[PDB]
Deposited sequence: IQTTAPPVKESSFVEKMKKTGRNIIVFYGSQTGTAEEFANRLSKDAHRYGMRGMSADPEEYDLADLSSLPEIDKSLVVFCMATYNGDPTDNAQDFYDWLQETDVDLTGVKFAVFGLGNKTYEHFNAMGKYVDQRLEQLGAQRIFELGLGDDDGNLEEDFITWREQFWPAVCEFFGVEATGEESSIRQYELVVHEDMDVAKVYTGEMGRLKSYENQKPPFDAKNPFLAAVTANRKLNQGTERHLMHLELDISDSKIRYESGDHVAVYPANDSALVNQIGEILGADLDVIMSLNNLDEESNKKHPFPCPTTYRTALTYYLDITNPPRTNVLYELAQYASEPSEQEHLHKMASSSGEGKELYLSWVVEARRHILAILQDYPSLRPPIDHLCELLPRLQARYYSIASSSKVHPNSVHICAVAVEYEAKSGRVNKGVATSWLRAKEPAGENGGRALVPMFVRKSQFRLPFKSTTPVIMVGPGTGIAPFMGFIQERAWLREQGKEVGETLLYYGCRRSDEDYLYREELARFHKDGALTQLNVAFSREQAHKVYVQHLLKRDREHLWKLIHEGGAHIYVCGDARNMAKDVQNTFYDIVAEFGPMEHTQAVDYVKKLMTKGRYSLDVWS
């Protein structure tokens, strides 16, 4: 619980702001959107500001009417049906408060993903709640879908939002504007230069607990081995030494890591722009009143910024390309970049195929539109921040209290852009070689994916491919409970891979556990050892009788991990069918029954894309 800032309304008054855009974000997208909306205000005679709801008391919303033509916008993302961490406070307040918001004008743009159970739950909630409290909606709720193209949904909403705002407040719709100023440092002492740390200067060198997202622990990579036999893919297992970090974790938790971009990619960006990446500088907010003094840790070199603080691989969003159009000396290229921000037409189609679908990163665009040569400092101000990557801890703290295990597949594919794209965190992790030791800045994030409290409760685990990760931890722990004399219920694993002798991850360890009885059943679907595809859900269907027994009589907990795209849903449907047959009951009731298991904490998910 952070110390709240002074009333955001009083701040708006002292700075002449009439619009405030709050962001509920975890990977920085909502914050990006909020900043874009805040900046838009300027182009409409108004003036806004972005703000972290966590640093304020939203009860002060009731004072917003004291500012003429005032307006609050909420750009909120949803995470596992809940508010983002930074907006949990706002959410709890919204539920317990009874404050009257008469006179308050708002608008909400929800960032979500249709593939989840509770799509845009937070945005939908905030939008409905503010109205119930007496506030009035100035523009319809925006429903962004990261499963299609969030950026386009945002563009569309934003394009209609502003005219609606202008029409209601009687405002007019009336250029390039830097948010930061560049200050090169020639006489800069080395001890004051950021070299990639996230919080306090030298926090990576001088490690002080407790460690978290703002102060990650640099864990030594003690192991890093290939898990599969083939060469088409690279699946790996790493062990991070967290001794003396005082960090605690449990099977089911996730470990986050801050990676470094590819040095060659960073080098080329500087080389193509003819910039000296080793120039030590700082980018200082031109708004001396904003709490955001820099876009990232400063002072630091461009090289360090592009390596540790900036995202240089993901397809640039439209506003970035829009702002860069001014630096392309070829009219046709400036025109293309300019139209990427269109809400329809060829400009939109080109953005979706040439940039998104092709997966062109910033360097790719700089190479494919050679007249585009922006100054390095402005590019750094425009790029999004490099985010940490999450991995499902593959070990049990009951067995490995001082080590965190990771099971992952290295990302590397041929993009239609014409080049081979490499996954940032996985290429970096793959390069980490045990024993100048190899360090991984990291931190643990607690999750609700947990083994049952009672050792006697049966467990049904389903995790094909890398989805096996959390379960290696579950299995280690359940075996441990047995070795300790505890009474353990059935422990079932439904795992899957292409072929027994090619990508059967942890084959040896799983055989051992099965032999010893830690694993009651080891059901493996080898999808390519026969003409037909054989998947985990096929084995669940096979064992439908017994699984129903465990679910209906034993109170078994279900766990699904891995591919959220198709595997998760296919597995869920098979459970719908098992319930419909043995209940018995109509599909409609089977679906309700399964979704009820989820709320009662007996059907947990740890899926990703």
TODO: Extract from the deposited sequence all ranges with no corresponding C-alpha coordinates, numbering residues from 1.
DONE: 1-5, 180-182, 444-447
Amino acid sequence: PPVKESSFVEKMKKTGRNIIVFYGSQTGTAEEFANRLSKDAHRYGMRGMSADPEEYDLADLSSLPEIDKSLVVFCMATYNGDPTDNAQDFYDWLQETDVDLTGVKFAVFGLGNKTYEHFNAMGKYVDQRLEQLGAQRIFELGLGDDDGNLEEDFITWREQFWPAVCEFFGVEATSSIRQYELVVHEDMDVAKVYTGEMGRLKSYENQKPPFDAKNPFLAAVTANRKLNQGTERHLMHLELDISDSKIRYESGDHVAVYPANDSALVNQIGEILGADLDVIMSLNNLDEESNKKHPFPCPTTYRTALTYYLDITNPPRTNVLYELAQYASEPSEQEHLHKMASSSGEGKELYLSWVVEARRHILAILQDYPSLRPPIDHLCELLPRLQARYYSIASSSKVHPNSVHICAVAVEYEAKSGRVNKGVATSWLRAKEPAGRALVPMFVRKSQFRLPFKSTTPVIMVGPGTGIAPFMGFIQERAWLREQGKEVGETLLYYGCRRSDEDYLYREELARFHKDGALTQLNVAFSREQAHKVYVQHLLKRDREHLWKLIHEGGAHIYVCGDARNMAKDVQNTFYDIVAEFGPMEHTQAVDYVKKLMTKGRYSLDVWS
From here on, numbers count along this sequence of modelled residues.
TODO: Determine, for stretches 40-48 and 540-548, which one has the higher mean CA B-factor as deposited.
DONE: 40-48
Task: Residue stretch of maximal mean CA temperature factor, 204-212 vs 137-145 - done: 204-212
Open item on the list: Checking the record values for 412, 189, 253, 311, which has the greatest CA B factor?
Closed with: 189
TODO: Choose from 405, 528, 178, 360 the residue with the greatest Cα B-factor as stated in the PDB record.
DONE: 178
- [ ] Looking at the entry's B-factor column for C-alpha atoms only, identify whether residue 60 ranks in the lowest, middle or highest third of its chain.
- [x] middle
Open item on the list: Going by the CA temperature factor in the PDB record, which third of the chain does residue 288 belong to: lowest, middle or highest?
Closed with: highest
- [ ] Select lowest, middle or highest to describe the third in which the CA B-factor of residue 605 falls within its chain in this entry.
- [x] lowest
Open item on the list: What third of the chain does residue 152 rank in for C-alpha temperature factor, lowest, middle or highest?
Closed with: lowest
- [ ] Sort the modelled residues of this chain by their C-alpha B factor and say whether residue 593 lands in the lowest, middle or highest third.
- [x] highest
